[PDB]
Amino acid sequence: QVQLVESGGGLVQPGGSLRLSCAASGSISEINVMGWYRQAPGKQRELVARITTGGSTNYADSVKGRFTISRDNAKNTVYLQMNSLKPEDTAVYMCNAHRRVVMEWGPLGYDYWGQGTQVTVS
Amino acid sequence: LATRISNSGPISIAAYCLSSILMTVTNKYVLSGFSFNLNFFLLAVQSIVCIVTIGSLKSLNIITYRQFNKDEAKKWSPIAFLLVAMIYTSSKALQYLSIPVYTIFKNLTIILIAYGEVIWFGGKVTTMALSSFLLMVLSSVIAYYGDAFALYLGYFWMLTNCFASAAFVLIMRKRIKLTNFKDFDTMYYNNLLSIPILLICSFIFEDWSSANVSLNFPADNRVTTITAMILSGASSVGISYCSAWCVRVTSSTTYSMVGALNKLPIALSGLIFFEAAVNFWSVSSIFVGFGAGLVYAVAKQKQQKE
């Protein structure tokens, strides 16, 4: 129903920089939260950042003060500016989008996941 | 005064719209950053909140309702099964269909409840009342206009919701009359029996993997998730009482028409308090919906005098 395409990943030298993007598609009116996750090889998903329609940003301590998630309502995109990338930042970064709909007995939530962009820092 | 208000038709209607407005506001404007894709477990938590809410009021000697009965829970089971049936089929309907298309089909069920109340409860559907049903479908059509297998499953899970939603109100309203249930007995049984079904449905039909659990219940934010899981269920106390209240006094048709009119204040709020477009296909949707309510109201006046 909602489709997300990610672009921006790649190989960057330690201490460098990277900007990731995630364009949403489909029904984009019920989406309330959109964030980024990373899966280190051999480990499970972790939270990198989270934004909502209203600009309330949630980060992770390991990346607090470095990564900056922002939104662009013109094209329904979320960016993730990753400065000062240490080698421990290499992972596969995925996008999220929460669809929330409210009816006569309660809300319903549907999570949509992007494709994943591999980011390698070396 | 608790008796005159209890058997009041207009008041049950007004209290139902207020409780629907309050519940939609909490889940859309107060809890905007909330993310929870374990639908049946959160709805089971809502029924737990309403159970402890009225169970504590009765234990404080404020309100009073009937004791739990084994022979009366076995007779309320079809209604509780149907209540979760609408929940399951609508969640599966909205995974392939949108909200605007969901409302088109949900306003097409009032024509089916109106003609089910006639067959089972006796009566007639007037022409003035019928034209108001088609004016709510028109407002839905106007508002909406402003994989092949996937869209086949979209309407399959939507026609099954139409049958489960129509059967729920018709069967429930019948059962508040051979039991002489009040609005707290109906609320008590609708929630007590729905807890085990919603929990069992959440076990088999939902993802309880290590990664989806830690995505729904983050360890770095537990007070926020628990708080939002209780504010989301405390706003449904009013709509749980006022749904059974409205059905008992007025009708299953009137309760369904009021539910369709409960989405017009939300639409008008978006056009004033938010950025929602003011194009012709969104202003004439509200105006046409208002005409549907004002034609249904006069239709029942003529029917009352006929």
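Going by Swiss-Prot, the residues shown for chain B are 48-193, 203-362, listed in order.
How was it done? The header gives electron microscopy, 3.0 Å.
Here the Cβ of each residue, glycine as well, is placed from N, Cα and C on the backbone.
As given in Swiss-Prot:
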- B:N268: N-linked glycosylation site (CARBOHYD)
- B:73-80: topological domain 'Lumenal' (TOPO_DOM)
- B:102-121: topological domain 'Cytoplasmic' (TOPO_DOM)
- B:139-145: topological domain 'Lumenal' (TOPO_DOM)
- B:163-171: topological domain 'Cytoplasmic' (TOPO_DOM)
- B:228-241: topological domain 'Cytoplasmic' (TOPO_DOM)
- B:263-281: topological domain 'Lumenal' (TOPO_DOM)
- B:303-309: topological domain 'Cytoplasmic' (TOPO_DOM)
- B:52-72: transmembrane segment (TRANSMEM)
- B:81-101: transmembrane segment (TRANSMEM)
- B:122-138: transmembrane segment (TRANSMEM)
- B:146-162: transmembrane segment (TRANSMEM)
- B:172-192: transmembrane segment (TRANSMEM)
- B:207-227: transmembrane segment (TRANSMEM)
- B:242-262: transmembrane segment (TRANSMEM)
- B:282-302: transmembrane segment (TRANSMEM)
- B:310-329: transmembrane segment (TRANSMEM)
- B:333-355: transmembrane segment (TRANSMEM)
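Counting only same-chain residues six or more apart in sequence, the Cβ atoms lying under 8 angstroms from the Cβ of the residue listed as 'N-linked glycosylation site' belong to B:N84, B:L85. Contact between the transmembrane segment (B:81-101) and the transmembrane segment (B:52-72) is not supported, since fewer than 3 Cβ pairs fall under 8 Å when only residues 6 or more apart in sequence are counted. Missing residues between B:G193 and B:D203: 9. Distance between their CA atoms: 23 Å. In summary, the transmembrane segment (B:122-138) lies against the transmembrane segment (B:242-262): three or more C-beta pairs, each 6 or more positions apart in sequence, are under 8 Å. Tertiary neighbourhood of the transmembrane segment (B:52-72): same-chain residues 238-239, 291-292, 294-295, 297-299, 301-302, 304-306, 310-311, 314-315, 317-318, 321-322, selected by CB-CB distance under 8 Å and a gap of 6+ residues from either end. Only sequence-distant pairs (6 or more apart) were considered; of these, at least three Cβ pairs between the transmembrane segment (B:242-262) and the transmembrane segment (B:282-302) are under 8 A, so the stretches are in contact. Within the same chain, the transmembrane segment (B:172-192) packs against the transmembrane segment (B:333-355): three or more Cβ pairs sit under 8 Å, each pair at least 6 residues apart.
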